[PDB]
Every structure is written in C-alpha cells, then in structure tokens.
file data_23.pdb (PDB, C-alpha atoms)
MODEL        1
ATOM      1  CA  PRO A 294     351.641  76.580  95.863  1.00  0.00           C
ATOM      2  CA  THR A 295     349.431  74.728  98.322  1.00  0.00           C
ATOM      3  CA  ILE A 296     349.378  74.874 102.111  1.00  0.00           C
ATOM      4  CA  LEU A 297     349.374  71.779 104.311  1.00  0.00           C
ATOM      5  CA  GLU A 298     348.007  73.718 107.288  1.00  0.00           C
ATOM      6  CA  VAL A 299     346.939  77.293 107.965  1.00  0.00           C
ATOM      7  CA  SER A 300     345.673  79.218 110.970  1.00  0.00           C
ATOM      8  CA  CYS A 301     344.027  82.556 111.626  1.00  0.00           C
ATOM      9  CA  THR A 302     344.304  85.068 114.432  1.00  0.00           C
ATOM     10  CA  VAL A 303     342.410  88.350 114.208  1.00  0.00           C
ATOM     11  CA  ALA A 304     343.255  91.148 116.623  1.00  0.00           C
ATOM     12  CA  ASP A 305     341.558  94.394 117.720  1.00  0.00           C
ATOM     13  CA  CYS A 306     339.384  94.459 114.591  1.00  0.00           C
ATOM     14  CA  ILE A 307     337.184  97.534 114.230  1.00  0.00           C
ATOM     15  CA  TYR A 308     334.099  97.327 112.088  1.00  0.00           C
ATOM     16  CA  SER A 309     334.287 100.405 109.896  1.00  0.00           C
ATOM     17  CA  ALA A 310     334.012 101.705 106.374  1.00  0.00           C
ATOM     18  CA  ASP A 311     337.816 101.683 106.208  1.00  0.00           C
ATOM     19  CA  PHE A 312     340.143  98.723 106.673  1.00  0.00           C
ATOM     20  CA  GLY A 313     339.896  98.977 110.441  1.00  0.00           C
ATOM     21  CA  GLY A 314     340.486  95.269 111.016  1.00  0.00           C
ATOM     22  CA  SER A 315     343.858  93.537 111.193  1.00  0.00           C
ATOM     23  CA  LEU A 316     344.434  89.799 111.329  1.00  0.00           C
ATOM     24  CA  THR A 317     347.431  87.485 111.265  1.00  0.00           C
ATOM     25  CA  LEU A 318     347.491  84.250 109.297  1.00  0.00           C
ATOM     26  CA  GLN A 319     349.975  81.447 109.930  1.00  0.00           C
ATOM     27  CA  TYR A 320     350.552  78.693 107.418  1.00  0.00           C
ATOM     28  CA  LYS A 321     352.622  75.699 106.359  1.00  0.00           C
ATOM     29  CA  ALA A 322     353.127  75.412 102.607  1.00  0.00           C
ATOM     30  CA  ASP A 323     354.618  72.891 100.211  1.00  0.00           C
ATOM     31  CA  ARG A 324     356.343  75.682  98.289  1.00  0.00           C
ATOM     32  CA  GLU A 325     356.863  79.422  98.006  1.00  0.00           C
ATOM     33  CA  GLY A 326     354.858  81.524  95.581  1.00  0.00           C
ATOM     34  CA  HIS A 327     352.066  84.041  95.127  1.00  0.00           C
ATOM     35  CA  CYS A 328     348.933  82.642  96.689  1.00  0.00           C
ATOM     36  CA  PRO A 329     345.610  84.469  96.432  1.00  0.00           C
ATOM     37  CA  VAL A 330     343.738  85.516  99.541  1.00  0.00           C
ATOM     38  CA  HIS A 331     340.041  86.216  99.836  1.00  0.00           C
ATOM     39  CA  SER A 332     337.234  86.595 102.346  1.00  0.00           C
ATOM     40  CA  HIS A 333     334.445  84.186 101.510  1.00  0.00           C
ATOM     41  CA  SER A 334     332.170  85.934 104.005  1.00  0.00           C
ATOM     42  CA  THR A 335     329.679  88.225 102.276  1.00  0.00           C
ATOM     43  CA  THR A 336     330.080  90.706 105.165  1.00  0.00           C
ATOM     44  CA  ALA A 337     333.867  91.058 105.299  1.00  0.00           C
ATOM     45  CA  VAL A 338     336.593  91.813 102.784  1.00  0.00           C
ATOM     46  CA  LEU A 339     340.386  91.818 102.860  1.00  0.00           C
ATOM     47  CA  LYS A 340     342.510  94.628 101.463  1.00  0.00           C
ATOM     48  CA  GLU A 341     345.349  92.384 100.319  1.00  0.00           C
ATOM     49  CA  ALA A 342     344.545  90.204  97.328  1.00  0.00           C
ATOM     50  CA  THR A 343     347.687  88.047  97.068  1.00  0.00           C
ATOM     51  CA  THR A 344     350.728  87.252  99.192  1.00  0.00           C
ATOM     52  CA  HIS A 345     354.008  85.555  98.367  1.00  0.00           C
ATOM     53  CA  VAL A 346     353.795  82.449 100.529  1.00  0.00           C
ATOM     54  CA  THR A 347     356.760  80.570 102.004  1.00  0.00           C
ATOM     55  CA  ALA A 348     357.245  76.910 102.892  1.00  0.00           C
ATOM     56  CA  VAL A 349     356.352  78.084 106.391  1.00  0.00           C
ATOM     57  CA  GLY A 350     355.519  81.551 107.607  1.00  0.00           C
ATOM     58  CA  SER A 351     352.878  84.037 108.603  1.00  0.00           C
ATOM     59  CA  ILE A 352     351.420  87.146 107.000  1.00  0.00           C
ATOM     60  CA  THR A 353     349.286  89.955 108.399  1.00  0.00           C
ATOM     61  CA  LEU A 354     346.421  91.295 106.309  1.00  0.00           C
ATOM     62  CA  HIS A 355     344.252  94.364 106.639  1.00  0.00           C
ATOM     63  CA  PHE A 356     340.513  93.884 106.416  1.00  0.00           C
ATOM     64  CA  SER A 357     337.230  95.739 106.758  1.00  0.00           C
ATOM     65  CA  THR A 358     333.769  94.616 107.792  1.00  0.00           C
ATOM     66  CA  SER A 359     330.439  95.832 109.091  1.00  0.00           C
ATOM     67  CA  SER A 360     329.869  92.824 111.342  1.00  0.00           C
ATOM     68  CA  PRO A 361     330.555  93.631 115.015  1.00  0.00           C
ATOM     69  CA  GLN A 362     332.187  90.202 115.258  1.00  0.00           C
ATOM     70  CA  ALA A 363     334.998  88.895 113.062  1.00  0.00           C
ATOM     71  CA  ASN A 364     333.352  85.476 112.624  1.00  0.00           C
ATOM     72  CA  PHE A 365     334.215  85.297 108.939  1.00  0.00           C
ATOM     73  CA  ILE A 366     335.785  82.622 106.761  1.00  0.00           C
ATOM     74  CA  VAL A 367     339.208  83.423 105.307  1.00  0.00           C
ATOM     75  CA  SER A 368     340.845  81.493 102.498  1.00  0.00           C
ATOM     76  CA  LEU A 369     344.505  81.321 101.495  1.00  0.00           C
ATOM     77  CA  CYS A 370     345.219  79.355  98.306  1.00  0.00           C
ATOM     78  CA  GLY A 371     341.796  77.765  98.871  1.00  0.00           C
ATOM     79  CA  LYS A 372     342.280  76.377 102.367  1.00  0.00           C
ATOM     80  CA  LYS A 373     340.003  77.907 104.972  1.00  0.00           C
ATOM     81  CA  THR A 374     340.111  78.818 108.659  1.00  0.00           C
ATOM     82  CA  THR A 375     337.384  80.309 110.837  1.00  0.00           C
ATOM     83  CA  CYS A 376     338.583  83.662 112.157  1.00  0.00           C
ATOM     84  CA  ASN A 377     336.708  85.122 115.104  1.00  0.00           C
ATOM     85  CA  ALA A 378     337.004  88.205 117.303  1.00  0.00           C
ATOM     86  CA  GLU A 379     334.715  90.761 118.910  1.00  0.00           C
ATOM     87  CA  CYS A 380     335.257  93.855 116.789  1.00  0.00           C
ATOM     88  CA  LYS A 381     334.843  97.141 118.672  1.00  0.00           C
ATOM     89  CA  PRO A 382     332.696 100.032 117.415  1.00  0.00           C
ATOM     90  CA  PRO A 383     334.659 102.565 115.351  1.00  0.00           C
ATOM     91  CA  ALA A 384     336.372 105.429 117.141  1.00  0.00           C
ATOM     92  CA  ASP A 385     335.348 108.177 114.687  1.00  0.00           C
ATOM     93  CA  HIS A 386     331.683 108.581 113.799  1.00  0.00           C
ATOM     94  CA  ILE A 387     332.407 109.982 110.326  1.00  0.00           C
ATOM     95  CA  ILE A 388     334.979 109.023 107.699  1.00  0.00           C
ATOM     96  CA  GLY A 389     335.909 110.349 104.265  1.00  0.00           C
ATOM     97  CA  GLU A 390     335.396 107.063 102.442  1.00  0.00           C
ATOM     98  CA  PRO A 391     332.317 104.950 101.644  1.00  0.00           C
TER      99      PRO A 391
ATOM    100  CA  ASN B 245     356.427 139.584 164.129  1.00  0.00           C
ATOM    101  CA  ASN B 246     353.439 137.206 164.297  1.00  0.00           C
ATOM    102  CA  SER B 247     353.156 136.242 160.623  1.00  0.00           C
ATOM    103  CA  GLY B 248     353.062 132.526 161.304  1.00  0.00           C
ATOM    104  CA  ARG B 249     354.439 130.348 158.572  1.00  0.00           C
ATOM    105  CA  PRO B 250     354.238 131.355 154.908  1.00  0.00           C
ATOM    106  CA  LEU B 251     352.232 129.288 152.457  1.00  0.00           C
ATOM    107  CA  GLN B 252     355.452 128.229 150.725  1.00  0.00           C
ATOM    108  CA  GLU B 253     356.042 126.099 153.825  1.00  0.00           C
ATOM    109  CA  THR B 254     352.380 125.178 154.281  1.00  0.00           C
ATOM    110  CA  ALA B 255     350.555 124.603 150.992  1.00  0.00           C
ATOM    111  CA  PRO B 256     349.440 120.985 150.590  1.00  0.00           C
ATOM    112  CA  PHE B 257     349.981 118.676 147.615  1.00  0.00           C
ATOM    113  CA  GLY B 258     353.595 119.805 147.475  1.00  0.00           C
ATOM    114  CA  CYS B 259     352.665 122.967 145.603  1.00  0.00           C
ATOM    115  CA  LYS B 260     355.651 125.193 145.112  1.00  0.00           C
ATOM    116  CA  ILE B 261     354.571 128.822 145.347  1.00  0.00           C
ATOM    117  CA  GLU B 262     355.913 131.451 142.968  1.00  0.00           C
ATOM    118  CA  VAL B 263     355.209 135.170 142.997  1.00  0.00           C
ATOM    119  CA  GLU B 264     354.980 137.778 140.256  1.00  0.00           C
ATOM    120  CA  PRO B 265     352.457 136.468 139.257  1.00  0.00           C
ATOM    121  CA  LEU B 266     351.151 134.566 142.277  1.00  0.00           C
ATOM    122  CA  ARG B 267     350.884 130.931 141.235  1.00  0.00           C
ATOM    123  CA  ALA B 268     351.267 127.341 142.390  1.00  0.00           C
ATOM    124  CA  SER B 269     353.917 125.394 140.487  1.00  0.00           C
ATOM    125  CA  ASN B 270     354.649 121.686 140.005  1.00  0.00           C
ATOM    126  CA  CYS B 271     351.741 120.875 142.287  1.00  0.00           C
ATOM    127  CA  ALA B 272     350.587 117.248 142.286  1.00  0.00           C
ATOM    128  CA  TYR B 273     346.846 116.758 142.783  1.00  0.00           C
ATOM    129  CA  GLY B 274     344.144 114.675 141.061  1.00  0.00           C
ATOM    130  CA  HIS B 275     344.005 113.598 137.430  1.00  0.00           C
ATOM    131  CA  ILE B 276     344.058 115.552 134.170  1.00  0.00           C
ATOM    132  CA  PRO B 277     341.680 114.358 131.425  1.00  0.00           C
ATOM    133  CA  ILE B 278     343.625 114.419 128.168  1.00  0.00           C
ATOM    134  CA  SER B 279     342.575 113.983 124.545  1.00  0.00           C
ATOM    135  CA  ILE B 280     345.043 114.095 121.664  1.00  0.00           C
ATOM    136  CA  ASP B 281     344.189 113.998 117.944  1.00  0.00           C
ATOM    137  CA  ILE B 282     347.657 112.710 117.088  1.00  0.00           C
ATOM    138  CA  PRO B 283     348.571 113.143 113.404  1.00  0.00           C
ATOM    139  CA  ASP B 284     347.647 109.842 111.832  1.00  0.00           C
ATOM    140  CA  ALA B 285     350.755 110.043 109.651  1.00  0.00           C
ATOM    141  CA  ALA B 286     352.481 108.952 112.876  1.00  0.00           C
ATOM    142  CA  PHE B 287     350.868 105.529 112.692  1.00  0.00           C
ATOM    143  CA  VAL B 288     352.294 102.662 110.674  1.00  0.00           C
ATOM    144  CA  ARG B 289     350.160 100.056 108.952  1.00  0.00           C
ATOM    145  CA  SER B 290     349.611  96.913 110.988  1.00  0.00           C
ATOM    146  CA  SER B 291     350.856  94.905 108.008  1.00  0.00           C
ATOM    147  CA  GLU B 292     354.002  96.994 107.645  1.00  0.00           C
ATOM    148  CA  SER B 293     354.636  97.133 111.373  1.00  0.00           C
TER     149      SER B 293
ENDMDL
END
call {"tool": "encode", "arguments": {"input": "data_23.pdb", "output": "structure tokens"}}
result
Amino acid sequence: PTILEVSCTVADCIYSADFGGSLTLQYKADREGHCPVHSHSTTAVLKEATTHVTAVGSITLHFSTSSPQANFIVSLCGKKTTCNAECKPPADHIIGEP
Amino acid sequence: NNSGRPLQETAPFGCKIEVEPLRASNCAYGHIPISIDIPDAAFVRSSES
C-alpha cells in the first residue's frame, strides 16, 4: 500500500515517560493493507507500529515524548507530515515505568 | 412573647436549619475545592475511544 496524501493532527499531548500523547492521522491510500508507522524524530516515539490502512480513512495513534512540543516528523508507509502541538507538563510527578 | 423571628426564617444563603443536632442543611454559599483520584480503569484508550 501507498498513500497519495496524509495529514497529522496531534491533540492534548503530554510529554511523559508513558504514552501520554495522542494524535490523529488522516490519509488517502491507493489500497488497503498493513502499513508501518514510525516516528522519525529522535525525541518522540509511537506506541503503534503498524496499522491496516484503507483507501481513505484516519487512525489515532498513541505516542510518548520528552519534548514539551510535539514538533516531530511522523511517517506512514514512508510519507511524512509535520505534527505540532504544545504538549503540557505531566500531571503526575512520578510514574511506575521508565 | 418577644422571640422575634427564628433563624429558620432568617438565615441567609437559603440555609435550611435542622435540629438534633443543630446544623445548616442544603445551604448554598461559595465554592468547594474538589480533587478526585478517579480509578484509571475508568478511562478508555484514546485509540480505542
């Protein structure tokens, strides 16, 4: 599968040790199938690794980052979109996961 | 004979007054700071929601 167009929209992201960030991707694809998803930014990472894409659709992925801002590059099946949002400081000072 | 009017007819903020024990009930005044450590099992993942 390959996508003709894709878009990103990140909402209420929290920089945290856990996957405190959530973002929505929208895309237009030539065909359905399992596309890989990755965060090319060295300071952000997505929980989901792959998603079954559709000729058109949108998928929401969980992500985590240390950066106070969500200005990270996301890639779906190799295409890229610049996500960006002001992530808020985490609500709980301590968490049970590195 | 000269008791005036009881507090049940005179307390402000709409306080109802109950006896035994003396207390003000359903009174409406100011704001209550509230904090609630809701059980996180009650949330649903943003991706599943």
call {"tool": "residues_around", "arguments": {"input": "data_23.pdb", "residues": "residue 272 of chain B", "least_positions_apart": "6", "cutoff": "10 Å", "atoms": "only C-alpha atoms", "output": "ChimeraX atom specification"}}
result
/B:256-260
call {"tool": "atom_distance", "arguments": {"input": "data_23.pdb", "atom1": "atom CA of residue 353 of chain A", "atom2": "atom CA of residue 290 of chain B"}}
result
7.4 Å
call {"tool": "closest_atom_pairs", "arguments": {"input": "data_23.pdb", "of": "chain A", "to": "chain B", "cutoff": "12 Å", "atoms": "all atoms listed in the file", "output": "CSV"}}
result
residue,atom,partner,partner_atom,distance
A:303,CA,B:290,CA,11.6
A:304,CA,B:290,CA,10.3
A:305,CA,B:290,CA,10.8
A:306,CA,B:290,CA,11.1
A:312,CA,B:289,CA,10.4
A:313,CA,B:290,CA,9.9
A:314,CA,B:290,CA,9.3
A:315,CA,B:290,CA,6.7
A:316,CA,B:290,CA,8.8
A:317,CA,B:291,CA,8.8
A:318,CA,B:291,CA,11.2
A:340,CA,B:291,CA,10.6
A:341,CA,B:291,CA,9.8
A:344,CA,B:291,CA,11.7
A:351,CA,B:291,CA,11.1
A:352,CA,B:291,CA,7.8
A:353,CA,B:291,CA,5.2
A:354,CA,B:291,CA,6.0
A:355,CA,B:291,CA,6.8
A:356,CA,B:291,CA,10.5
A:384,CA,B:281,CA,11.6
A:385,CA,B:281,CA,11.1
call {"tool": "residues_around", "arguments": {"input": "data_23.pdb", "residues": "residue 365 of chain A", "least_positions_apart": "2", "cutoff": "7 Å", "atoms": "all atoms listed in the file", "output": "JSON, numbers by chain"}}
result
{"A": [334, 337, 363, 367, 375, 376, 377]}
call {"tool": "write_last_selection", "arguments": {"input": "data_23.pdb", "atoms": "C-alpha atoms", "output": "PDB file, in the frame of the given file"}}
result
ATOM      1  CA  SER A 334     332.170  85.934 104.005  1.00  0.00           C
ATOM      2  CA  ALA A 337     333.867  91.058 105.299  1.00  0.00           C
ATOM      3  CA  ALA A 363     334.998  88.895 113.062  1.00  0.00           C
ATOM      4  CA  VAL A 367     339.208  83.423 105.307  1.00  0.00           C
ATOM      5  CA  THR A 375     337.384  80.309 110.837  1.00  0.00           C
ATOM      6  CA  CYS A 376     338.583  83.662 112.157  1.00  0.00           C
ATOM      7  CA  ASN A 377     336.708  85.122 115.104  1.00  0.00           C
TER       8      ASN A 377
END
call {"tool": "residues_near_point", "arguments": {"input": "data_23.pdb", "point": "(331.7, 89.7, 116.1)", "cutoff": "7 Å", "atoms": "all atoms listed in the file", "output": "list in words"}}
result
residues 360, 361, 362, 363, 364, 377, 378, 379 and 380 of chain A
